[PDB]
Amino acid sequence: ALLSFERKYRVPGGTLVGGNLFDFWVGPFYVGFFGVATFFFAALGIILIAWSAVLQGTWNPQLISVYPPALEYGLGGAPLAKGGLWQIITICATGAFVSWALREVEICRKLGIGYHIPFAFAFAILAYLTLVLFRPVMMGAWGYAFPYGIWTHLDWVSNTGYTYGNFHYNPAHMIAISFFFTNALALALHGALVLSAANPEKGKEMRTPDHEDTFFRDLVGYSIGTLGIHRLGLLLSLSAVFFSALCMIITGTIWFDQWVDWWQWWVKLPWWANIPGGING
């Protein structure tokens, strides 16, 4: 139940709520007040999803789907079977995610580490909340949120995107994708670098960080370094999610036409709008 080095760290303290009341573990898992809160929220939500499955008449995981209120409901309540369960399952989800972050904070405090992890997690939560809470509220209806189903959530992404033409043309979307791709590029490189040093050619000694700087300078003429690369991956992946949330919070609210047409502002700038030749003249 414990890693070989673990016991020296399992001291009392760090909790945010309840003092010593929930200061304990179950196997490897820390509990705390927010472990209890997460369990409650998650269990309710799972129960409510299962109830929704009964009301839908299916126990197939690829068929179970929980849809938000229809647009006609606006921002008010809906009968359980017609959007109300979705509404409650969403409260539970939010409760579970935030509780999970806050339990992470308690773990940080016990372990004497920085709060970077739950801070990063909060971006994922905010992106979620953008899709199910902020955007629907700004657009005036819960029905704009995505449904909870494996395949039906994909129908919503497709339908939402095509509502605006080819969604590729959302400029915020473009920046988001750029961070996602750059992140995966950097993850591959960080992964490969450290391992190429720790696992050198057969029989050779482990290489040093000096060798890692050297390699990358040889290759591209720059090396960010060992602190920098962990700063970079954090930034790239959090930027990806930030611009994801941006690209959606602005769609159906400040811009709601075909995203391809937004780009016309550049083409119709007075000093070249009318010059013949090219694609747009």
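A residue's number is simply how far along the shown sequence it sits, counting from 1.
Asks: Would you tell me which stretch averages the higher CA B-factor in the PDB entry, 155-163 or 69-77?
Replies: Here the higher of the two C-alpha B-factor means belongs to 69-77.
Asks: When the C-alpha temperature factors are averaged for each of 209-217 and 51-59, which stretch ends up with the higher value in the entry?
Replies: If you average the C-alpha B-factors of 209-217 and of 51-59, the larger mean comes out for 51-59.
Asks: Identify, among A172, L185, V137, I125, the residue whose C-alpha carries the highest B-factor in the deposited PDB entry.
Replies: Within the set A172, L185, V137, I125, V137 shows the top C-alpha B-factor.
Asks: Among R109, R103, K202, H190, which carries the highest Cα B-factor?
Replies: Out of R109, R103, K202, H190, the record gives the largest C-alpha B-factor to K202.
Asks: Where does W262 sit by CA temperature factor within its chain: lowest, middle or highest third?
Replies: CA B-factor rank for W262: middle third.
Asks: Report the third (lowest, middle or highest) to which the CA temperature factor of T130 belongs, ranking only the modelled residues of the same chain.
Replies: Within its chain, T130 is a middle-third residue by C-alpha B-factor, going by the deposited values.
Asks: Lowest, middle or highest third of the chain for the C-alpha temperature factor of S178?
Replies: It belongs to the lowest third of the chain when residues are ordered by C-alpha B-factor.
Asks: Is the Cα B-factor recorded for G84 in the lowest, middle or highest third of its chain?
Replies: Tercile = highest for this residue's CA B-factor.
Asks: For the chain shown, is the CA B-factor of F121 in the lowest, middle or highest third of its modelled residues?
Replies: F121: CA B-factor falls in the lowest third of its chain.
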